[PDB]
């Protein structure tokens, strides 16, 4: 990927204001800010500046300052050290689609970096301590991966080809990057196997501490080690219609009107069933 979660915000919300850095500036912050005018935060004002808190640590201090009461969550301030943070619009994590009001931890950001993710839906909650890791080669005399560094150009060839041919897909090789649907909840200390999973269905619930080794159907609940299907969120009737209506792609338009539907499943289907 190429661009910063902050810069996507600044490109959309800065609106000719100065960036006000609230916190100790880092190397890659200073770079992400070089297209803009910035200075260390002193006295701030939503009319004059965009406050950028470097770390979540720095954000708590700003919010606890009386000057923060006029700044709206994303239109006026942001936390630099939070590439998995949620936004009110569709965004990129490296080059990975992430829908509105979707969030994930650094473990998922790295999976976005390693090309493990094809896409992440809308209104999806992935806890920070979740993880997405692929497998190493299991059909070889060795299991290590950093022995590669000792390989020369010749040995590298014969090694990379067997990885491409392996149908178990070590390092998610020769497969499709996995997809995460919308309205998905993922517990903590969880594991989705990038070497065997290609699709988390929309609405799929992944319990805490669950290790998910196969694709999860939409609106399924999975817990345990390994993950088993404990229940389904909704009767199948809802499931087919929910795939049809796709509430998660509604604009803020249809969300506030149909709040009574989105809140009572019973009310949702008496109108859309």
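Numbering follows the first chain given and starts at 1.
Between the stretches 137-145 and 74-82, it is 137-145 that shows the larger average CA temperature factor.
A summary of the deposited B-factors shows that, of 260-268 and 15-23, the stretch with the larger mean C-alpha value is 260-268. Of all the options 240, 58, 42, 66, the entry's greatest CA B-factor is assigned to 240. Within the listed group 110, 97, 167, 128, the record reports its top CA B-factor for 167. Per-chain ranking of the deposited C-alpha B factor places residue 91 in the lowest third.
In the PDB entry, a CA B factor belonging to the highest third of its chain's modelled residues is recorded for residue 232. When all modelled residues of the chain are sorted by CA temperature factor, residue 105 is found within the lowest third. Among the modelled residues of its chain, residue 34 has a C-alpha B-factor that falls in the middle third, as given in the PDB entry.
Among the modelled residues of its chain, residue 248 has a C-alpha B-factor that falls in the middle third, as given in the PDB entry.
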